[PDB]
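Listed here are the chains, written in short residue letters.
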Amino acid sequence: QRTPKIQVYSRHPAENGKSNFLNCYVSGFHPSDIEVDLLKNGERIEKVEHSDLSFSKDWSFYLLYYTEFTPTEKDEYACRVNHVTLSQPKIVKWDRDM
Amino acid sequence: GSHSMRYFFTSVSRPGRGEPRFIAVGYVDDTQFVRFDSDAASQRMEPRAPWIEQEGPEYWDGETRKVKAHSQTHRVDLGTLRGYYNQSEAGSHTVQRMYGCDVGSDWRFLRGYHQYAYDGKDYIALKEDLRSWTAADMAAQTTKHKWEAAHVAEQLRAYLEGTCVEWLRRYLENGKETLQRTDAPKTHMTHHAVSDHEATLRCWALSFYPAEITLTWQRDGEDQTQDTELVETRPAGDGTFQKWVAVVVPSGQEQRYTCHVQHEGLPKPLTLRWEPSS
Amino acid sequence: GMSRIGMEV
Ligand code: NA
Ligand code: NA
Ligand code: NA
Ligand code: NA
């Protein structure tokens, strides 16, 4: 079993009030079953899509989860991941500088 | 430049009920162009790039027959492997397969490969000679003797050196507008104070294609790895990739630090420094 | 285009 690595980021450099896309890239995990949600103010975002499962040279899997979003000064965005290797879901907050 | 065509397959057993979950994807370089998902409604191989939609119904019928045959081979293999390893019928297990071919700048065959894994570990792989097999353990050694007796490597070698390269050249021509275009990284540097006397400089590479790239920091013209962070290259979601590299520096000393960017789309590597008025 | 080779373990 290998635990997922997570990056949460925007497709384009963030500007408050300008529409964009919120990504959560999960990689380096095994087995492939995984639960990924994008959150807005701690609540699950409903329209979220993901890439088709693929894997790296070490056989670990990777997926991209994504949705449209409009960054603002007051909204907090995050990615929440659960996997067999995790005891509790891991929440990674979106920071526009990363 | 050089190019590749690669197919990836994953099957995951579901012993409580039904057949394994099966997902197949095909790539040309870093571009996904076809997919199959056993859970999807069509039960067909589906297009994922505009240039493959040019293919007619005989292509889609042929690829659907081949991918469904691959799914059944994986279903049989999951059963055989459970027996080779004396495993319970109650647990979920996984098989993964990747194969494909590489061509050089002249679009001629460079190398082929066919690798197989059970539960995330190497099981059996074709060697670079396209004649021999690497078996990781004694269960894979049983499979190796079976495949030597059935002329498997000969059939794989014929596909990898012939058919695989012929399809790749066809796709490179039909999808030339994007497949043969390199997108050089769009670079910039950001500054993030961490105190009144230290700051992080972050060097960004955005919207590039293909994914291969190198970002390095130098201080006074020599490589710097202390106090640096380099994230894994990540998809933007529009077919291009992103990466960044960061270094923590004493405030006022930013001009000593340079970020160096190497990519196929850049004739000469780029050098960036922090613009102090910003 | 995919391979048609079927080889079972
Ligand atoms: Na868990
Ligand atoms: Na070329
Ligand atoms: Na230094
Ligand atoms: Na990664």
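Rules used throughout
- Residues numbered from 1 in each chain as written, not as in the entry; some residues may be left out.
- Chains lettered and ligands numbered in written order.
- Heavy atoms only, no water.
- Residues with missing side-chain atoms left out of burial classes, pairs and counts.
- Disulfide = S-S within 2.5 Å.
- UniProt positions renumbered as here; feature names shortened; annotations may be inferred.
- Helix = DSSP H or I, 4+ residues; strand = E, 2+ residues; numbered from the N terminus.
- Buried < 20%, exposed > 50% of the residue type's maximum accessible area, 1.4 Å probe, protein only.
- Domains from an automatic or database assignment.
- Buried area = accessible area lost by both parts, 1.4 Å probe.
- Salt bridge = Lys/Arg side-chain N within 4 Å of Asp/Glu carboxyl O.
- Polar contact = N/O pair within 3.5 Å; in protein donor to acceptor, adjacent residues only side chain to side chain.
- Nonpolar A, V, L, I, M, F, W, Y, C, P; charged D, E, K, R; others polar.
- Donors = N, O, S within 2.8 Å, 3.2 Å for Na, K, Ca; no water.
- Contact = heavy atoms within 4.5 Å.
- Expected span 1.5 Å × (residues − 1).
- Core = buried A, V, L, I, M, F, W, Y, C linked by side-chain atoms within 4.5 Å.
- Pairing = 2+ DSSP bridges.
- 1 Å grid on protein atoms, 1.4 Å probe; cavity = no way out; pocket = protein on both sides within 12 Å on 5 of 7 lines; lining within 4 Å.
- Points joined across faces, edges and corners; volume = space filled by probe spheres on them.

For this entry, the PDB record names X-ray crystallography as the structure determination method and reports a resolution of 1.3960 Å.

A. Focus on the UniProt feature "disulfide bond" in chain A. Residue and element names in this part refer to chain A. UniProt pairs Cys24 with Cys79 in a disulfide, and the structure agrees, placing their sulfur atoms 2.0 Å apart, under the 2.5 Å limit. Of this pair, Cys24 sits in strand β2 (residues 20-29) while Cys79 sits in strand β8 (residues 77-82), placing them 55 residues apart in sequence. Of the two residues examined, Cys24 and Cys79, each falls in the buried class.

B. Structural view of the domain arrangement of chain B. Residue and element names in this part refer to chain B. When the domains of chain B are assigned, the result is domain 1 (1-181) and domain 2 (182-270). Each of domain 1 and domain 2 has a C-alpha centre, and these two points are 35 Å apart. For the pair domain 1 and domain 2, the two sides together bury roughly 540 Å², of which 37% comes from carbon and sulfur. Viewed at the interface, domain 2 and domain 1 are joined by one salt bridge. As a salt-bridge pair, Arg181 and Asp183 come within 2.8 Å of each other at their nearest N and O atoms. Linking domain 1 with domain 2 are four residue pairs in polar contact, by the criterion used here. Of the residues contributing to the side of domain 1 that touches domain 2, the split by class is two nonpolar, three polar and three charged.

C. Expanded view of the coordination of the sodium ion (ligand 1). The protein atoms that coordinate the sodium ion (ligand 1) are A:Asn82 (OD1), A:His83 (O) and A:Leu86 (O), at distances of 2.2 to 2.6 Å. Donor residues for the sodium ion (ligand 1) sit on one chain with the sequence pattern N-H-x2-L.

D. Local environment of the interface of chain B and chain C. Taken together, the contact between chain B and chain C spans 29 residues of the former and eight residues of the latter. Looking only at chain B, the three residues that lose the most surface to chain C are B:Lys66, B:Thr73 and B:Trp147, adding up to 26% of its buried area. The tally of links from chain B across to chain C stands at zero salt bridges. Our count for the chain B to chain C interface comes out at ten residue pairs in polar contact.

E. Examining helix α1 (residues 57-84) of chain B more closely. Given a rise of 1.5 Å per residue, 28 residues ought to cover 40 Å, and the 40 Å separating the end C-alpha atoms of α1(B) matches this to within 8%. Phi turns positive one or two residues past the end of α1(B), at B:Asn86, with a value near 50 degrees.

F. How the structure looks around the nonpolar core. Core analysis: the biggest nonpolar cluster contains 66 residues, and B:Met5, B:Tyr7, B:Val28, B:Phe33, B:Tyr123 and B:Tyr171 have the highest contact counts within it. Per element, the largest residue contribution to this core is ten residues, and it comes from helix α3 (residues 152-174) of chain B. Shared between two domains, this core takes at least three residues from each, and those domains are domain 1 (1-181) and domain 2 (182-270) of chain B. Once residues lying within four places of it in the same chain are set aside, the contact partners of B:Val28 are B:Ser4, B:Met5, B:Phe33, B:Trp51, B:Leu168, B:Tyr171, B:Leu172, B:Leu179 and B:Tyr209. Counting residues in each nonpolar core, the second largest holds 29 residues, with A:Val8, A:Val36, A:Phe61 and B:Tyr27 among its members.

G. Highlighting the pairing of strand β15 (residues 241-250) of chain B. Residue and element names in this part refer to chain B. In this structure, strand β10 (residues 198-208) lies alongside β15, joined through nine bridges in antiparallel fashion. Bridge pairing in β15 places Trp204 opposite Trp244. Strand direction decides the pairing type here: strand β13 (residues 228-230) and β15, joined by three bridges, are antiparallel. From the neighbouring strand, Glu229 faces β15, where its bridge partner is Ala246. Where strand β14 (residues 234-235) meets β15, two bridges bridge the pair, whose relative direction is antiparallel. When the sheet's bridge partners are listed, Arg234 is paired in β15 with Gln242. From the end of β14 to the start of β15, which pair antiparallel, there are five residues, and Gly237 there has a positive phi angle of about 105 degrees.

H. Looking closely at empty space enclosed by the protein. The space that makes up the largest cavity amounts to roughly 30 Å³. Residues of the lining of the largest cavity, tallied by class, amount to four nonpolar, three polar and one charged.

I. Representation of the interface of chain A and chain B in the model. The interface of chain A with chain B comprises 21 residues on the first partner and 35 residues on the second. In this assembly, chain A packs against chain B so that about 2300 Å² is buried in total across both faces, 54% of it on carbon and sulfur atoms. The largest share of the area that chain A buries against chain B comes from A:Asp52, A:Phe55 and A:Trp59, three residues that together contribute 30% of it. There are one salt bridge connecting chain A and chain B.

J. Local environment of the UniProt feature "domain: Ig-like" (unreviewed entry) in chain B. Cross-referencing UniProt, the feature "domain: Ig-like" (unreviewed entry) maps to residues 185-271 of chain B in the present numbering. A helix fraction of 0% and a strand fraction of 59% characterise residues 185-271 of chain B, whose end C-alpha atoms lie 12 Å from each other.

K. Expanded view of the pairing of strand β1 (residues 3-12) of chain B. All names here are of chain B. By the criterion of burial, β1 is predominantly enclosed, with nine of the ten residues buried. Bridge count for β1 against strand β2 (residues 21-28) is eight bridges, and the pairing is antiparallel. What sits directly across from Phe8, in β2, is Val25.

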